[PDB]
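For reference, structure_31.txt (compact mmCIF, C-alpha atoms):
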# COMPACT_ATOMS: atom_id res chain seq x y z
CA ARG Y 1 83.89 95.79 118.26
CA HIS Y 2 86.30 93.00 117.21
CA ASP Y 3 85.31 92.09 113.57
CA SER Y 4 87.47 88.90 113.38
CA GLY Y 5 87.16 86.56 110.37
CA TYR Y 6 88.87 83.58 112.03
CA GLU Y 7 89.63 83.46 115.74
CA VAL Y 8 90.64 81.09 118.60
CA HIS Y 9 90.49 82.55 122.15
CA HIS Y 10 91.91 79.98 124.57
CA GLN Y 11 93.23 76.44 124.23
CA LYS Y 12 94.87 74.70 127.18
CA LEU Y 13 96.82 71.47 126.75
CA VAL Y 14 98.30 69.67 129.76
CA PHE Y 15 100.52 66.61 129.33
CA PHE Y 16 101.79 64.46 132.20
CA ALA Y 17 104.35 61.79 131.34
CA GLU Y 18 106.11 59.53 133.84
CA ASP Y 19 108.25 56.46 133.14
CA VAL Y 20 109.37 54.03 135.83
CA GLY Y 21 109.95 50.92 133.74
CA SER Y 22 113.36 50.13 132.30
CA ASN Y 23 114.92 48.32 129.34
CA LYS Y 24 112.90 50.12 126.66
CA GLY Y 25 114.02 51.15 123.19
CA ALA Y 26 112.25 53.49 120.77
CA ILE Y 27 112.61 55.27 117.44
CA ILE Y 28 110.69 58.55 117.16
CA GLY Y 29 110.39 60.68 114.04
CA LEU Y 30 109.38 63.78 116.02
CA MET Y 31 108.98 63.99 119.80
CA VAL Y 32 107.42 66.97 121.57
CA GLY Y 33 107.18 66.22 125.28
CA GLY Y 34 106.75 62.47 125.68
CA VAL Y 35 109.07 60.30 127.74
CA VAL Y 36 111.02 57.41 126.16
CA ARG T 1 87.94 98.20 116.91
CA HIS T 2 90.38 95.38 116.00
CA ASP T 3 89.45 94.35 112.38
CA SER T 4 91.61 91.15 112.34
CA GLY T 5 91.37 88.71 109.41
CA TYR T 6 93.04 85.79 111.20
CA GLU T 7 93.72 85.80 114.92
CA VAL T 8 94.66 83.52 117.88
CA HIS T 9 94.45 85.09 121.38
CA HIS T 10 95.81 82.61 123.91
CA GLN T 11 97.12 79.05 123.71
CA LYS T 12 98.70 77.42 126.76
CA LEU T 13 100.66 74.17 126.47
CA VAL T 14 102.07 72.47 129.57
CA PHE T 15 104.29 69.39 129.29
CA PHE T 16 105.50 67.34 132.25
CA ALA T 17 108.07 64.64 131.54
CA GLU T 18 109.78 62.47 134.16
CA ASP T 19 111.93 59.37 133.60
CA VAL T 20 112.99 57.04 136.40
CA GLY T 21 113.61 53.86 134.42
CA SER T 22 117.05 53.02 133.08
CA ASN T 23 118.67 51.10 130.22
CA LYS T 24 116.70 52.81 127.44
CA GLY T 25 117.89 53.73 123.96
CA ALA T 26 116.19 55.99 121.43
CA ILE T 27 116.61 57.66 118.04
CA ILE T 28 114.70 60.92 117.61
CA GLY T 29 114.48 62.95 114.42
CA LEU T 30 113.43 66.11 116.27
CA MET T 31 112.95 66.46 120.04
CA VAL T 32 111.35 69.50 121.67
CA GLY T 33 111.04 68.86 125.40
CA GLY T 34 110.59 65.14 125.91
CA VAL T 35 112.87 63.03 128.09
CA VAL T 36 114.85 60.09 126.66
CA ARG E 1 92.01 100.61 115.48
CA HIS E 2 94.47 97.76 114.73
CA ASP E 3 93.63 96.61 111.12
CA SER E 4 95.79 93.41 111.24
CA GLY E 5 95.61 90.87 108.38
CA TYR E 6 97.24 88.01 110.31
CA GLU E 7 97.82 88.14 114.05
CA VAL E 8 98.69 85.97 117.10
CA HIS E 9 98.39 87.65 120.54
CA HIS E 10 99.69 85.25 123.18
CA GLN E 11 101.01 81.69 123.13
CA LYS E 12 102.51 80.16 126.27
CA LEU E 13 104.47 76.90 126.14
CA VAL E 14 105.80 75.30 129.32
CA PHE E 15 108.03 72.22 129.21
CA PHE E 16 109.16 70.27 132.26
CA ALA E 17 111.75 67.54 131.70
CA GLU E 18 113.39 65.46 134.43
CA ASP E 19 115.54 62.35 134.02
CA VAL E 20 116.54 60.11 136.92
CA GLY E 21 117.20 56.86 135.07
CA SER E 22 120.67 55.98 133.84
CA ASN E 23 122.36 53.97 131.08
CA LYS E 24 120.47 55.59 128.20
CA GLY E 25 121.74 56.39 124.72
CA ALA E 26 120.10 58.56 122.07
CA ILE E 27 120.61 60.12 118.65
CA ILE E 28 118.71 63.37 118.06
CA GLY E 29 118.57 65.29 114.81
CA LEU E 30 117.47 68.51 116.52
CA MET E 31 116.91 68.98 120.26
CA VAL E 32 115.27 72.07 121.75
CA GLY E 33 114.87 71.56 125.50
CA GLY E 34 114.40 67.85 126.12
CA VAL E 35 116.63 65.82 128.42
CA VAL E 36 118.64 62.83 127.13
CA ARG H 1 96.14 102.89 114.23
CA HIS H 2 98.60 100.00 113.62
CA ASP H 3 97.83 98.74 110.03
CA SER H 4 99.97 95.54 110.30
CA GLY H 5 99.85 92.91 107.52
CA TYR H 6 101.43 90.12 109.57
CA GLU H 7 101.95 90.37 113.32
CA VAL H 8 102.76 88.30 116.45
CA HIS H 9 102.40 90.10 119.83
CA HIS H 10 103.65 87.78 122.58
CA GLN H 11 104.96 84.22 122.67
CA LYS H 12 106.40 82.79 125.88
CA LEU H 13 108.35 79.53 125.90
CA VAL H 14 109.63 78.04 129.16
CA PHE H 15 111.85 74.95 129.18
CA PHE H 16 112.92 73.10 132.32
CA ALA H 17 115.52 70.35 131.90
CA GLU H 18 117.10 68.36 134.72
CA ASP H 19 119.26 65.23 134.46
CA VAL H 20 120.20 63.09 137.45
CA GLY H 21 120.88 59.78 135.72
CA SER H 22 124.38 58.85 134.58
CA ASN H 23 126.11 56.75 131.92
CA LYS H 24 124.27 58.27 128.95
CA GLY H 25 125.61 58.95 125.47
CA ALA H 26 124.02 61.04 122.73
CA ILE H 27 124.59 62.48 119.26
CA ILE H 28 122.71 65.71 118.53
CA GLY H 29 122.63 67.53 115.21
CA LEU H 30 121.51 70.81 116.80
CA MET H 31 120.88 71.40 120.51
CA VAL H 32 119.23 74.54 121.87
CA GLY H 33 118.76 74.16 125.62
CA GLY H 34 118.27 70.47 126.36
CA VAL H 35 120.45 68.52 128.76
CA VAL H 36 122.48 65.48 127.61
CA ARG N 1 100.28 105.15 112.90
CA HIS N 2 102.75 102.25 112.44
CA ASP N 3 102.05 100.87 108.88
CA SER N 4 104.19 97.68 109.30
CA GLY N 5 104.12 94.96 106.61
CA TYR N 6 105.65 92.23 108.79
CA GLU N 7 106.09 92.61 112.53
CA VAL N 8 106.83 90.64 115.75
CA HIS N 9 106.40 92.55 119.05
CA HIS N 10 107.59 90.33 121.90
CA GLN N 11 108.89 86.77 122.14
CA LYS N 12 110.26 85.45 125.43
CA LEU N 13 112.21 82.19 125.59
CA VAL N 14 113.41 80.80 128.93
CA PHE N 15 115.63 77.72 129.10
CA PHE N 16 116.63 75.97 132.32
CA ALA N 17 119.23 73.21 132.05
CA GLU N 18 120.76 71.31 134.97
CA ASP N 19 122.91 68.18 134.86
CA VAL N 20 123.78 66.13 137.94
CA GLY N 21 124.51 62.77 136.33
CA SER N 22 128.02 61.80 135.30
CA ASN N 23 129.81 59.61 132.75
CA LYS N 24 128.03 61.04 129.69
CA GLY N 25 129.45 61.60 126.22
CA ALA N 26 127.92 63.60 123.38
CA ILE N 27 128.57 64.92 119.88
CA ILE N 28 126.71 68.13 119.00
CA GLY N 29 126.70 69.83 115.62
CA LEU N 30 125.55 73.16 117.08
CA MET N 31 124.84 73.88 120.75
CA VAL N 32 123.16 77.06 121.97
CA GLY N 33 122.61 76.80 125.72
CA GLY N 34 122.11 73.15 126.57
CA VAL N 35 124.23 71.27 129.08
CA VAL N 36 126.28 68.20 128.08
Rewrite the structure of this file - the entire thing - as structure tokens.
Amino acid sequence: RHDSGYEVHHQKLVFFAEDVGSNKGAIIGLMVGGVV
Amino acid sequence: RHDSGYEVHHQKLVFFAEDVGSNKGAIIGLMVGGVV
Amino acid sequence: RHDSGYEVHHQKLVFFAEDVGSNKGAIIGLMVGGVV
Amino acid sequence: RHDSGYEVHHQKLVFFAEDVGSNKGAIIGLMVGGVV
Amino acid sequence: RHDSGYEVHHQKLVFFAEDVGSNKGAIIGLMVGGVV
């Protein structure tokens, strides 16, 4: 038996980020995996 | 038996970040894995 | 038996960061694994 | 029996950071594993 | 029996940092394993 009240089994998140363009400026409060 | 009140079994996060462009400036409050 | 109140079994985080572009300046408050 | 109130079994974090570009300046408040 | 109030079993952190680019200046408040 498991008897869980709150449960989450599997969550898969895949992020692909590629940047070829140049001359770009940014201001980010909090950046996880994105490309600037 | 497990008897858990709150539980999370598996969570997979994959981040791919590539940067080829140049001449880019940024200001980041908190950066985890992203490319600048 | 396990009898846990709060529990987290497995969490996998994968970060890939590559930087080929040049001439880039940044200011980061807190950087974990990202490339500048 | 385990009888844990708060528990975390396994958490895996993988960070890959590569930098080929040049001429880049940064200011980091706190850097863990990222490349500048 | 274990009877733990707060517990953390295993946490694995892997950091890969490589730097090929040149001419880069940085100011770091606190650096753990990152490359400058």
*Might you pull out every residue within 9 Å of range 8-20 of chain H, with all atoms listed in the file counted and same-chain residues fewer than 3 positions away left off, and present them as JSON, numbers by chain?*
{"T": [33, 35], "E": [6, 7, 8, 9, 10, 11, 12, 13, 14, 15, 16, 17, 18, 19, 20, 21, 22, 32, 33, 34, 35, 36], "H": [33, 34, 35, 36], "N": [7, 8, 9, 10, 11, 12, 13, 14, 15, 16, 17, 18, 19, 20, 21, 22, 34]}
*Compile the contact shell of residue 23 in chain E as number ranges by chain: residues with an atom at most 6 Å away, counting all atoms listed in the file, same-chain residues fewer than 6 positions apart removed.*
T: 22-23; H: 23-24
Given 3 Å on each side, where is the centre and what are the edge lengths in Å to one decimal of the axis-aligned box enclosing the listed atoms of range 1-20 of chain N, as JSON?
{"center_x": 112.0, "center_y": 85.6, "center_z": 122.3, "size_x": 29.5, "size_y": 45.0, "size_z": 37.3}
_Atomic distance CA of residue 27 in chain Y - CA of residue 30 in chain T, expressed in Å with one decimal_ = 10.9 Å
_Distance of CA of residue 28 in chain Y from CA of residue 31 in chain H, expressed in Å to one decimal place_ = 16.7 Å
*For CA of residue 2 in chain T and CA of residue 4 in chain Y, quote the distance in Å rounded to one decimal.*
7.6 Å
